[PDB]
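Visitor: A structural model of the following input is requested.
(2 chains)
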Amino acid sequence: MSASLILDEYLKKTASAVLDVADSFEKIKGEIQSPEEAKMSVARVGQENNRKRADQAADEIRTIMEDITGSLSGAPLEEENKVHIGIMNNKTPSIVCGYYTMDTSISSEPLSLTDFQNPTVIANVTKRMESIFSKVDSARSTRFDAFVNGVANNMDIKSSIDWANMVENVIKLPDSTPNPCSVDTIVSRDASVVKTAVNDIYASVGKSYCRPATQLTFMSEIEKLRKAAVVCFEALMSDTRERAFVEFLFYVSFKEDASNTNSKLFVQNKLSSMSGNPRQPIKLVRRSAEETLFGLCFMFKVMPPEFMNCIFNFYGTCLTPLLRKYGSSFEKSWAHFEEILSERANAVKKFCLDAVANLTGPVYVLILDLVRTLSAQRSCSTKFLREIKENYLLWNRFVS
Amino acid sequence: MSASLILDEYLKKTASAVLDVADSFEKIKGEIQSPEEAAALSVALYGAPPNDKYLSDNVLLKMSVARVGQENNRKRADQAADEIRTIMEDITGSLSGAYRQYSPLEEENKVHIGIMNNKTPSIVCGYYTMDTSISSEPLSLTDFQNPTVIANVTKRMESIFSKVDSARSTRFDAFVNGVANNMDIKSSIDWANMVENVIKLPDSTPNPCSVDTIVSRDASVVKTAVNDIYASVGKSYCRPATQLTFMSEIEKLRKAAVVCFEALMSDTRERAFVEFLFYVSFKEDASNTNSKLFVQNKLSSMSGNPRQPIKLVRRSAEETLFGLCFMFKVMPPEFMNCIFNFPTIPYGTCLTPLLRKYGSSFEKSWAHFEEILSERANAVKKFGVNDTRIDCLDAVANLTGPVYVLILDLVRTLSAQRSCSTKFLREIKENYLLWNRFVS
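Guide: Numbering: from 1, shown residues only, chains lettered A, B, ... in the order given. Provided below are the atomic coordinates:
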C-alpha cells in the first residue's frame, strides 16, 4: 500500500469515529463533562535527543544481561572461600583437580543408613540438641525428641548420605579413574543453551526496534523472545538451586583436618593460591554419623521452615517461596514481563489496540524489566548462600 | 451507554487510528527521523512525513486532557506509582515502620556501633563485655610511632608475605613506614581510644548510651526525600494530570534524588569505617574461649531474653599496625584514602572508583538518571508554560521519556548501589577473616 492508502485509511477511520459519536448521541440528559468534538523544529529536537537517549537504555541492557549471566560460564578472594564440588549430568559430583586431598591411609567404610538409623546415634545427639537450645529456648518447645525422629523417619536422608558417600569416594581415587577431575578451576554445565539465549536477546532488542517505534507483531518474534527469557531465568535459578545443595553437604559432612593444626602456613599458602602459584591441596576429614546427624538437625531448626520441604528434597516453582524472604522481589517485577508478553501475544493471535505508546517501543520496556528481575534474583541468591554459610560458621563454632 | 462509555470508545478508536498510521510507516533501514506529529489534541492532515469557547479555564484544562491522542494509557500512571513510590521507599533501609520487613537472625552477627554526629561512636546498650579490671593506659600516637614495632611488623610482614614471591619481594618497609607516619592515623587511634572508654564506662555516664542504633543518623533528612520523591503523584498536591511536567516539581526531584543517593553512599562509607576499625582494633578474649557458652549466648539474642554480651580485649599496637598495613595492602590502592578522612566529614566521590570495581551498575546507571532528568528539565524550560497550553506541554514532556521509566532508573540505580555495597562490606569482612586466622 503506497502513500495514498496510508492517508485514506486514516481519513476514513477518523471519520467513521466522529460519525459514530453523533450517531450515538440520540440521547439527551444532564451532564457537565461534555468533551464533544465538532515550534515544529524546537519540538523535534526533543525527540532526536530522546530517541538516541532511549536507544542506549536498552543498549545498557545488552551489556548487563551478558554481565549478569557471567555466573553461567562465559568470557579473586571470593573464589577460594567457595565450595568447588559440582553436580554433573550423571548426578555424580564433579570436582576440579588439585584443590583437595584425603587421607586414605585408614580403610574408611561408607556409613550407610544403619549408621544413621541406629537408636544410639539418635539418642546421643538427642540430648546434644537441647545442649544448644535448652539454655535460652522456650522450655515448652523442648520436645526435640520427634525432631530427631523427624530427619530419621525422612526416607530422603538415605539419598543424602548416599550422595555424601558419592562425594566421599570421589576424592579418594586419583585423576587416573573413569571419574576424572576437571583441569580448569571452573565448572560448567548449561553454558551453551544460555549463551545462545543471551545473543537471542541482543538480536531482539537490536533490530526489532532500531527505530520501528511500533513493530513486534509476529508469532515468531514473540516466541523468539519468550524462550530467551524463560531459559535465562530458570538457568540462573537452577544454579541457585544446585549451588545451594552442593554446598550444604560439603559443609555439614566434611571437616577441615585437625592433625595439621598449624594455622600459620595455612593462611600463608592460601594467599599464594590467590597469587598464581600452584595450589596446596587442603586436607579434609569426614565426620562420624553422630555429628553429621547433629548437622542436619540444627541446620533445619535455624533455616526457614520451607527449607527442608525444598532444598533437602532432590520455572522451578518450588524454591521461589523459600527464596522470597531474602530478596526484595524476584517475582513481582517478573509479573510485568509475563503480562506484556501475554497481552501482546493475545492480540497478535487475533488480528495495536492493547499497548498504545509512541514514546519508546514495547520491546524496550520488556528488556528493561527482564534485566531488573534477574538482577534481584542474583542479588537475592548471594544473600542465601551467605546466610547458610553463616549458620555453618555457627554450627562449626560449637562442636569444634 | 452514558457519556462515559460513548466518549471512551471514541478516544480508543481515534487512538488506534493514529497508531496504525505509524504501523503503515514500515520500511527497512529505519532512519532515525521519526514523526513527532502527535502534538495536538488529535493529529490531522499530516502527510508531511511521507464558535463560543468558554472561559472557565479549569474545565478547559481537564477536559482537553481527557481527550488527548497520546495520553491514552493509565496503566502506566500506576506502574510509576505502584512501583516507584514503593520500591524507592522499600529499598531505603535507613528507617522502618512497626510492620513487616525482611531481617533474619543474620542481623545479630553484624557489628553494632553507631557514629553519633559529634564524630564520637554510639554503641547499642550491653552488646559487649570488656575486661574492666586492668585499667591500662589508653593507646597514644607515640605508642604506634615507636621505632621498635615498625621494624617488628615488617619482620612479621615478610612472614605472611613469604609464599607470594621472593625475587619481586624486594622491599615493602617504606610502605609499612608510610602507614604509620601518615598524618591522619592519629585520629584513627584516637577514635579507637574513643571506643574503649565509652565501652567500659557505665551506661548513664556523661558519655551516653542508646537503646538501639540510629546509625542511619540521616533518617530525618532522608525521610524528607521520601516525603519528596512522592511529588510524582502521592503527596498532597496530587495534581493527577501531567505528572512530572511543572518545572517546580522537577527541580524538587533532582534535589530530592541526589540527597537520597549521597545518603546511601554515605551510609556504606560510614559503615565501612566502623566495621574495619573494630575488626582490626579489637579481638575476642583468649581466656574465655568457651565455645559452648558462646553459641547459646548468640542464640539467646534470637529468643529475646536479655542477652549476656561477649568478651573482647583491645589489641596490641603490634598486631593493629600489622592488621592496618595488611588491609592497606590487599584492597585496591584507593582504600588508604577512603578510610582516613571519614571523621573529617566532607564530597564522597573517592568511594565511587573503589565501589565500581565489584559491579559496573551504579557508576553508569546513575549517570543515565541525571541525563534523562536534565534533558527533560531542558524540555520544559524551553516551552514557556505561559505560552503553550497544557494539552501540548504533556505531549512533548512524555516525548522525552515516560515517567515510569525515569523514576525507575533511580531504583535500578539505588538498588544497584546497595547490591554492590553489601559485597564490599563483605569483601573486606572475609579479607579480615583470612587475616584473623593468622593472628590467632
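Visitor: now the helices for the stretch 201-350 of chain A?
Guide: Assigned by DSSP state H, counting those that start in this stretch, the stretch 201-350 of chain A shows helices spanning A:219-252, A:266-275, A:289-302, A:306-307, A:320-324, A:332-350.
Visitor: what comes into contact with the shortest one?
Guide: Applying CB atoms under 8 Å, 6 or more residues apart in numbering or on different chains, the contact partners of helix A:306-307 are A:300, A:321-322. Where C-beta positions appear, they are placed from N, C-alpha and C, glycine not excepted.
Visitor: who in the stretch 101-250 of chain A is up against chain B?
Guide: Contact residues, the stretch 101-250 of chain A versus chain B (CB under 8 Å from any CB of the partner chain): A:131-133, A:135-138, A:210-215.
Visitor: Among those residues, which one has the most neighbours?
Guide: Using other CB atoms under 10 Å in any protein chain shown as the neighbour test, these are led by residue A:132, with 22 neighbours.
Visitor: give me every residue that touches that one.
Guide: Counting by CB under 8 Å, 6+ apart, residue A:132 makes contact with A:298, A:398, B:295-296, B:299.
Visitor: Between all of these, which two are separated the most?
Guide: Between any two of the contacts of residue A:132, the greatest separation by CB to CB is 12.2 Å, found for A:298 and B:296.
Visitor: what about the closest residue to residue A:62 other than its chain neighbours, how many neighbours?
Guide: Spatial nearest neighbour of residue A:62, chain neighbours left out: residue A:202 (5.6 Å); criterion: CB to CB, 6 or more residues apart in numbering or on different chains. Other residues within reach of residue A:202, judged by other CB under 10 Å, total 17.
Visitor: circling back: which of the helices of the stretch 201-350 of chain A has the highest mean neighbour count?
Guide: Compared across the helices of the stretch 201-350 of chain A, helix A:289-302 shows the largest average neighbour count, a mean of 21 (mean count of other CB atoms under 10 Å in any protein chain shown).
Visitor: Only alpha carbons, please: show that one as CSV.
Guide: The C-alpha trace of helix A:289-302 is given here as CSV (Å, rounded to 0.1, in the frame of the first residue of the first chain):
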residue,chain,number,x,y,z
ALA,A,289,27.3,-40.3,61.8
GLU,A,290,26.8,-38.6,65.2
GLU,A,291,27.8,-35.1,64.3
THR,A,292,26.6,-35.3,60.7
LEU,A,293,23.2,-36.1,62.3
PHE,A,294,23.8,-33.1,64.6
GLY,A,295,24.4,-31.1,61.4
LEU,A,296,21.3,-31.9,59.5
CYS,A,297,19.2,-31.4,62.7
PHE,A,298,20.4,-28.0,63.7
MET,A,299,20.6,-26.8,60.1
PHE,A,300,16.9,-27.3,59.9
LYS,A,301,15.6,-25.6,63.0
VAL,A,302,17.5,-22.4,62.0
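Visitor: just checking, what packs against that helix?
Guide: For helix A:289-302, the elements it packs on are helix A:113-117, helix A:119-133, helix A:144-153, helix A:156-172, helix A:219-252, helix A:362-399, judged by 3 or more CB pairs under 8 Å, 6 or more residues apart in numbering or on different chains; DSSP states H and E.
Visitor: Any buried residues in the second one, and which?
Guide: What it means is helix A:119-133. Of all the residues in helix A:119-133, those buried under the rule 16 or more other CB atoms under 10 Å in any protein chain shown are A:121-122, A:125-126, A:128-129, A:132-133.
Visitor: ok, now stretch A:198-212?
Guide: In stretch A:198-212, counting by 16+ other CB under 10 Å, buried: A:198, A:200-202, A:204-205, A:208-209, A:212.
Visitor: Mind listing residues that contact it?
Guide: A:51, A:55, A:58, A:61-62, A:65-66, A:69, A:215-216, A:221, A:224-225, A:227-229, A:232, A:361, A:363-364, A:367, A:370, B:26, B:30-32, B:34.
Visitor: try it again with 6 Å
Guide: A:58, A:62, A:65-66, A:69, A:225, A:228, A:361, A:363-364, A:367, B:30, B:32, B:34 (CB atoms under 6 Å, 6 or more residues apart in numbering or on different chains).
Visitor: Put the alpha carbons of that stretch into PDB.
Guide: Output of stretch A:198-212 as PDB, limited to C-alpha atoms (Å, rounded to 0.1, in the frame of the first residue of the first chain):
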ATOM      1  CA  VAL A 198      21.700 -14.000  25.500                       C
ATOM      2  CA  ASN A 199      22.600 -13.300  21.900                       C
ATOM      3  CA  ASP A 200      18.900 -14.000  21.200                       C
ATOM      4  CA  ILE A 201      18.000 -11.100  23.400                       C
ATOM      5  CA  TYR A 202      20.600  -8.900  21.700                       C
ATOM      6  CA  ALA A 203      19.200  -9.600  18.300                       C
ATOM      7  CA  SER A 204      15.700  -8.900  19.600                       C
ATOM      8  CA  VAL A 205      16.400  -5.500  21.200                       C
ATOM      9  CA  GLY A 206      18.900  -4.800  18.400                       C
ATOM     10  CA  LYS A 207      16.900  -5.000  15.200                       C
ATOM     11  CA  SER A 208      13.300  -5.200  16.200                       C
ATOM     12  CA  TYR A 209      13.400  -1.600  17.500                       C
ATOM     13  CA  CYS A 210      16.300   0.200  15.900                       C
ATOM     14  CA  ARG A 211      13.600   2.800  15.200                       C
ATOM     15  CA  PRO A 212      10.400   0.800  14.500                       C
END
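Visitor: from the chain's centre, how far out does it sit?
Guide: Offset of stretch A:198-212 from its chain centre (CA atoms, centre = their mean, to the nearest Å): 25 Å.
Visitor: What of stretch A:202-217?
Guide: Centroid displacement of stretch A:202-217 relative to its chain, using CA atoms, centre = their mean, is 28 Å.
Visitor: And it, end to end?
Guide: 18 Å (CA to CA, to the nearest Å).
Visitor: what do you get for stretch A:127-147?
Guide: OK, stretch A:127-147 end separation, CA to CA: 12 Å.
Visitor: Now for the residue sitting nearest the centre point of chain A: which residues touch it?
Guide: For chain A, the residue nearest the mean C-alpha position is residue A:237 (2.7 Å; CA atoms, centre = their mean). By CB under 6 Å, 6+ apart, the contact set of residue A:237 is residue A:316.
Visitor: just the one 10 residues further on next, same as before
Guide: Shown here is residue A:247, whose contacts under the criterion CB under 6 Å, 6+ apart are residue A:83.
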